[PDB]
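Report on the structure
If you want the building blocks of each chain, they are given just below.
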Amino acid sequence: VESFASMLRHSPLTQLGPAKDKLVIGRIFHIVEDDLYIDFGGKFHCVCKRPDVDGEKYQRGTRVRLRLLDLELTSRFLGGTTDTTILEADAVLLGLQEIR
Amino acid sequence: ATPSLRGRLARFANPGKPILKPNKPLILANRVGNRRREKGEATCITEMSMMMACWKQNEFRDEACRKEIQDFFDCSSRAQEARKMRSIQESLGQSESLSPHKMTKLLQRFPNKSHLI
Amino acid sequence: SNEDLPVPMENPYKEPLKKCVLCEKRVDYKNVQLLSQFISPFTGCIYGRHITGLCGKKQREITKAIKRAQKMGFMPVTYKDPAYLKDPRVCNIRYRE
Amino acid sequence: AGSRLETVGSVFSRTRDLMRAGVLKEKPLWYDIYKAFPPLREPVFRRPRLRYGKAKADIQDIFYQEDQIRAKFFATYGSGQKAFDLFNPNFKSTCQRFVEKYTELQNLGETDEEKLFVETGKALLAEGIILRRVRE
Amino acid sequence: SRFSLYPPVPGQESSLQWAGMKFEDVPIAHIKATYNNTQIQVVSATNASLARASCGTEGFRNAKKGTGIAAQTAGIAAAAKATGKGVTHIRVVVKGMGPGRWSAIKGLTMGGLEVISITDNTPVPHXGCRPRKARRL
Amino acid sequence: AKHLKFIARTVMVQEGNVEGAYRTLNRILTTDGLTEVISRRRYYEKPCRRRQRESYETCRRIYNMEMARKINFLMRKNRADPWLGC
Amino acid sequence: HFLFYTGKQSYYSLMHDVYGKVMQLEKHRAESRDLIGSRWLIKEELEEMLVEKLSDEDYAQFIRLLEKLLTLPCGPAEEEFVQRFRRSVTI
RNA sequence: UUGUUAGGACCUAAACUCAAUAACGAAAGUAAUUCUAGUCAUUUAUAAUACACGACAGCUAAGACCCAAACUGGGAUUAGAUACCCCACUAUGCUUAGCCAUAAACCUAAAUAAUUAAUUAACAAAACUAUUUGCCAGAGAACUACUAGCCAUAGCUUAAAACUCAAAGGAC
Ligand code: FES
Ligand SMILES: [K+]
Ligand SMILES: [Mg+2]
Ligand SMILES: [Mg+2]
Ligand SMILES: [Mg+2]
Ligand SMILES: [Mg+2]
Ligand SMILES: [Mg+2]
Ligand SMILES: [Mg+2]
Ligand SMILES: [Mg+2]
Ligand SMILES: [Mg+2]
Ligand SMILES: [Mg+2]
Ligand SMILES: [Mg+2]
Ligand SMILES: [Mg+2]
Ligand SMILES: [Mg+2]
């Protein structure tokens, strides 16, 4: 049985390295009006806006392309003892993935 | 970039004399202040002066200043609708930004904690 | 024990530190063209480090050079020389709306 | 009648005490289960405190040896134009193939990092992968 | 191919002329706007007096002498004397930060003078004379 | 006094928008801090009072600027409720 | 009832059903005015159906969830469901 | 008198912006420019009856004087107004020597070396160990009386008792 240490070393997330300005594939699982909730394989989903072009194409289950920025949006503020987190990830929707 | 707060307050770490002496603790509150009311500016002030200017020459006789009197009504008639239309729509929409009440409720969904959980 | 355990080391991906627009350059009082890029075109006032974007060290070098140049008959005090009104803009500021 | 003091002892110790006291006449149903299969740590209250002075945490930064190679690859070529798929458990990215080849050459005995980086680029070029040396 | 807020540079060649006059030649309107009285003087580019006015000379007195409408009247009066003397374009150097700082320039516009530029010469000492003590209220 | 006249604090009127020229002139003097300087030079501020004021303004700027960050940091999470009804 | 410890087992049991209906309509994918001259039941009427007491905030949330159901594509089962909470206005 | 002066003289006084900076100095204090002189190694803590300093105000002699300004005079306000507001003007703030040695001289937190768990009287700027010196022992009487020292003479440091009370005080 593979060890947890081995699993982590060869994990896709460990291979990604820093997540800033990386390209990843996500999946839309929830849509509220023109807001798309996209799972890109991380801890937290991201929330993007439906593009004007090919808006109807972005339906639930649609795999898309993204440019990650943060896996979790967090920041300590003046007088805080802990980082405030919004339980959300940061990414830029680039467009649909070609099925090919 | 927020100013530096290192070596400003009077503390047992700081070797030198303090720079900043805050009246109140420097901890972000979970509310925003109530924005103080803003008032507008006089509308049709120029057109009123023109009307009044003509009267002075013509002994306050409306016969001479018939055209100017109609311009004063025109500006007031436009502004009358403008104040009506803008209060009904723009103020209700609050589209551009949040109000103090709406902002504070969002600041309370992710509140600042100066104490350990 | 385990070959796959992580190895202590310094961060390989650590990002480089940002430098100021005058990092490792010589600020001279006689270079009035460069000094004029950090004053106001209308009043000639020195900009603060939240406008020039300089570090503490280079901000003080520019301040000490503008005053020396202004005091030694090289630079005007109440405005920016009209010659340098066309030079590159390196200060975050907009008088016009 | 109970022990609503959750900062002294634990639910098990306070339940043990209430039975010794004489107030609780019937064992709770969860009691014997805890006695036979207790948790690893006793659930006792501890007030969180800040660290002060030179006290520091004990968390190891996770850096494998491949990161030295991966850091150079991202700085020289950026992220592979092919998009990462983090849903496939066995996904092989353009960078991970670079690191697999760089390791293979290093096993042969090449000792110069410059030699291993330009040779690996040539091998992937033969494979047909499109590596763009984007300084931008 | 755009307008320049910055004034022409003295000692250079420019294409900007007003009424067949260069920038250095256009007469200057000196407005001293204080917190009590707003004075106005118009001079030729050789520093020769052409018009003079102020809220006081118009006839305002005490607290009325320091209102916006009082300076507006003074500017219109200064324009009339200057317009008679042969002045159509003025360079407005407005000293002072009082109530009739803008009103005096607005009166000059109402009086038939064409402002081509606005300078500010409010005294700003660089360290100078100790000001009078703060008033308690 | 020894400098050249009409270069400093001078604006040019564009197509007869004298009010715009005045409004730009004031924006310059306010942005450059001359307005506050002349305002505070009417009377004398005592050295202890000046230091108390600068400490106050710096602490306010620090608070206001940081408060803006939290507002902008949470601006994105203000969206339609995805989990309405639960 | 599995929601006994909520304190409003019947209000939350109803809000559980309507939220599950909404999810299937949203996952699975015409004019919505199938019924006209009707009103949503008042809080007093809802309280009687649930045989429990509600707050004004509890009523307001229930209506918003029911409206969202109407917005979405509705099979005849949903139309019968929302009908239960629509009272024919005796204009 | 006033406004303008790309006119002349003066070099009195004070140092905008930079400074959203936080450096230097034992403290007091110190930020216009230039140059000269210049801070530096005692293991560390610990000192008076000695030595050297010490904001502001004040004193002595001679100068300076733009502006500010106790006092004083005039105007107003008020029942009165020895005030708050307005005007004028002096001691004084400046320089050269000497004196005086006091501040909420307080960052109300002595200095030094640690420690951050075995740890909330309240509030403030988290708790706490060791070392050495100084200081405190209910409030008022009392920054007083007397004594001695001092360039100080309506002064500074040093500093009681009688007598009175059953509280005073701190935080909430
Ligand atoms: S950041 Fe290097 S000198 Fe400014
Ligand atoms: K203090
Ligand atoms: Mg306080
Ligand atoms: Mg004169
Ligand atoms: Mg002169
Ligand atoms: Mg030297
Ligand atoms: Mg009197
Ligand atoms: Mg004198
Ligand atoms: Mg003296
Ligand atoms: Mg003392
Ligand atoms: Mg002090
Ligand atoms: Mg005393
Ligand atoms: Mg005494
Ligand atoms: Mg004595």
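The rules behind the values
- Residues numbered from 1 in each chain as written, not as in the entry; some residues may be left out.
- Chains lettered and ligands numbered in written order.
- Part of a larger assembly, values for the part shown.
- Heavy atoms only, no water.
- Residues with missing side-chain atoms left out of burial classes, pairs and counts.
- Helix = DSSP H or I, 4+ residues; strand = E, 2+ residues; numbered from the N terminus.
- Rg over C-alpha atoms; globule rule 2.2 N^0.38 Å.
- Buried < 20%, exposed > 50% of the residue type's maximum accessible area, 1.4 Å probe, protein only.
- Areas by Shrake-Rupley, 256 points an atom, 1.4 Å probe, with all protein chains shown as cover.
- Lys, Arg positive; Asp, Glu negative; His and termini not counted.
- Charge placed at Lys NZ, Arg CZ, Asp CG, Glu CD.
- Contact = heavy atoms within 4.5 Å.
- Buried area = accessible area lost by both parts, 1.4 Å probe.
- Salt bridge = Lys/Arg side-chain N within 4 Å of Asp/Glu carboxyl O.
- Polar contact = N/O pair within 3.5 Å; in protein donor to acceptor, adjacent residues only side chain to side chain.
- Near = heavy atom within 4 Å.
- Pairing = 2+ DSSP bridges.
- Expected span 1.5 Å × (residues − 1).
- Disulfide = S-S within 2.5 Å.
- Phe/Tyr/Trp six-rings, centres within 6.5 Å; stacked < 30°, edge-to-face > 60°.
- Axes fitted to C-alpha atoms, helices over the stretch in contact; angles between N-to-C directions.
- Core = buried A, V, L, I, M, F, W, Y, C linked by side-chain atoms within 4.5 Å.
- Patch = residues over 30% accessible without salt bridge, like charges linked within 9 Å, V, L, I, M, F, W, Y side chains within 5 Å.

Determination of this PDB entry was carried out by cryo-EM to a resolution of 3.09 Å, according to the record.

**Some points on the overall build of chain F**
Scanning chain F from terminus to terminus reveals three helices and one strand. What you see in chain F, going N to C, is helices and strands ordered as β-α-α-α. Taking 2.2 N^0.38 as the reference for a compact globule, 86 residues should give roughly 12 Å; the C-alpha atoms of chain F span a radius of gyration of 22 Å, well beyond that estimate. Seen along its three principal axes, the alpha-carbon backbone of chain F occupies a region of about 75 × 50 × 20 Å. Within chain F, the fraction of its 86 residues that count as buried is 38%. Within the structure as shown, chain F displays about 5,200 Å² of accessible surface, and the carbon and sulfur contribution to it stands at 50%. Side chains of chain F carry 20 positive and 9 negative charges; the gap between the two charge centres is 6 Å.

**Description of the interface of chain A and chain C**
Listed per partner, the contact involves eight residues of chain A and five residues of chain C. Summed over the three residues of chain A that lose the most area to chain C, namely A:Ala5, A:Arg9 and A:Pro18, the buried surface amounts to 61% of that side. At the surface where chain A touches chain C, the tally comes to one salt bridge. Where A:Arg9 meets C:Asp4, a salt bridge forms, and the shortest distance between an N and an O atom there is 3.7 Å. Viewed at the interface, chain C and chain A are joined by one residue pair in polar contact.

**As for the protein's contact with RNA strand H**
As a structural note, the neighbourhood of RNA strand H is formed by 55 residues, with B:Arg8, C:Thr63, C:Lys64, E:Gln41 and E:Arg130 the closest of them. What you see for RNA strand H is that sugar and phosphate hold 54% of its atoms within 4 Å of the protein. In terms of residue count, the dominant contributor to the surface near RNA strand H is helix α3 (residues 56-71) of chain C (six residues).

**Quick notes on unusual backbone geometry**
Residues and elements named next belong to chain A. With a phi angle near 55°, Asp54 is a residue other than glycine that sits in the positive phi range. Assignment of secondary structure puts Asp54 in the loop between β3 (46-49) and β4 (63-70). The backbone of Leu87 shows a phi angle near 55°, a positive value even though the residue is not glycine. You can see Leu87 is positioned in the loop between β6 (84-85) and β7 (90-96).

**Some words on the pairing of β3(A)**
Within a regular strand, side chains alternate between the sheet's two faces. Residues and elements named next belong to chain A. By the bridge criterion, four bridges tie strand β2 (residues 35-39) to β3 in an arrangement that is antiparallel. Residue pairing in the sheet places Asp35 in a bridge with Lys49 of β3. Between β2 and β3, which pair antiparallel and follow one another directly, the connecting turn spans six residues, one of which, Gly41, has a positive phi of 90°.

**What about helix α4 (residues 94-108) of chain D?**
End to end, α4(D) covers 22 Å across 15 residues, agreeing with the expected 21 Å (1.5 Å per residue, within 8%). Every buried residue belonging to α4(D) is among D:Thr94, D:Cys95, D:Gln96, D:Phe98, D:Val99, D:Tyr102 and D:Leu105, and all of these are buried. Close packing links the buried residues of α4(D) with α2 (12-16) of chain A together with α3 (66-77) and α5 (113-127) of chain D. Positive backbone phi, approximately 125°, marks D:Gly109, located one or two places after α4(D).

**A few points about the state of the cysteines**
Note: disulfide means a covalent bond formed between the sulfur atoms of two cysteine side chains. All names here are of chain B. Following the criterion strictly, the structure yields two disulfides over all chains and no others. Each sulfur of the disulfide joining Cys44 and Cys75 lies 2.0 Å from the other. Here the S-S torsion is close to -90°, and the disulfide linking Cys44 with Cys75 is therefore left-handed. Separated by 31 residues along the polypeptide, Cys44 in the segment before α1 (45-57) and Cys75 in helix α2 (residues 66-93) bring together distant segments of the chain. For the pair shown, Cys44 and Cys75 are each scored as buried. With its sulfur 2.0 Å from that of its partner, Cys54 forms a disulfide with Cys65. Judged by the sign of its S-S torsion, about -85°, the cystine formed by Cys54 and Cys65 is left-handed. With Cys54 in helix α1 and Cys65 in the loop between α1 and α2, this residue pair connects regions lying eleven residues apart in the sequence. By relative accessible area, which is 15% here, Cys54 ends up buried.

**Let's talk about the packing of aromatic side chains**
Per the counting criterion, the structure on display carries 27 aromatic pairs over all chains. On the numbers, 5.2 Å between centres and 20° between planes, the contact of C:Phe42 with E:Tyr6 is stacked. Residue C:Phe42 is located in the loop between α1 (32-35) and α2 (49-52), and its partner E:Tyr6 is located in the segment before β1 (28-33); the two belong to separate chains. Judged by its relative accessible area of 3%, C:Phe42 is buried. Their ring planes at 75° and their centres at 6.0 Å tell us that D:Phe73 and D:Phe74 sit as a pair that is edge-to-face. Since its relative accessible area comes to 1%, D:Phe73 is described here as buried. Given a relative accessible area of 13%, D:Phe74 falls into the buried group.

**Digging into the sheet that holds β2(A)**
Residue and element names in this part refer to chain A. Read across the sheet, five strands follow the order β3-β2-β1-β4-β7 without closing on themselves; strand pairing throughout is antiparallel. Looking at strand neighbours, the two that pair on one side only are β3 and β7, the edges of this open sheet. Sheet twist, expressed as the average angle between the axes of neighbouring strands with direction ignored, equals 45°. Judged from the six bridges that link them, strand β1 (residues 22-32) and β4 form a sheet pairing that is antiparallel. Residue pairing for β4: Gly26 is matched across the bridge by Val64.

**Some details on the arrangement of the chains**
Looking at the twelve pairs of chains with contacts, the pair that accumulates the most is chains E and F. A minimum C-alpha distance of 23 Å separates chain D and chain F, which share no contact. There is a clear gap between chain B and chain G: no contact, and 17 Å between their nearest C-alpha atoms.

**Concerning the nonpolar core**
Among the nonpolar cores identified, the biggest contains 52 residues, and E:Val92 and E:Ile118 are the most heavily contacted of them. Once residues lying within four places of it in the same chain are set aside, the contact partners of E:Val92 are E:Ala29, E:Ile31, E:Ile105, E:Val115, E:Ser117, E:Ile118 and E:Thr119. With 23 residues, the next largest nonpolar core counts G:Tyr11, G:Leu50, G:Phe81 and G:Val82 among its residues.

**Some details on a positive patch on the surface**
A surface patch of positive charge is lined by E:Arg130, E:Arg132, E:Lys133, E:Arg135, E:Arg136, F:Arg42 and F:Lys46. Within the secondary structure, F:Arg42 is located in the loop between α2 (34-40) and α3 (47-73). We classify F:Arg42 as partly exposed; its relative accessible area is 40%.

**A look at the pairing of strand β3 (residues 49-54) of chain E**
Residue and element names in this part refer to chain E. For strand β2 (residues 38-43) and β3, the ladder comprises five bridges, and the chain directions are antiparallel. Counterpart to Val43 in the pairing with β3 is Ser49. Following β2, the chain reverses through five residues before pairing antiparallel with β3; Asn47 in that reversal takes a positive phi of roughly 65°.

**A look at the sheet that holds β2(E)**
One open sheet holds the six strands; their spatial order is β3(E)-β2(E)-β1(E)-β4(E)-β5(E)-β1(F), and the pairing between them is mixed. The two strands at the open ends of the sheet, each matched to only one other strand, are β3 of chain E together with β1 (10-12) of chain F. The average undirected angle you get between the axes of adjacent strands in this sheet is 20°. Sheet analysis places β1(E) next to β2(E), joined by six bridges and oriented antiparallel. Following the sheet pairing, E:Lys32 is matched in β2(E) by E:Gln39. Here helix α2 (residues 68-85) of chain E sits on the sheet in contact with β2 and β3 of chain E, set at roughly 160° to β3(E). Relative to the sheet, helix α3 (residues 101-110) of chain E contacts β1, β2, β4 (89-95) and β5 (114-120) of chain E, its axis offset from that of β1(E) by approximately 145°.

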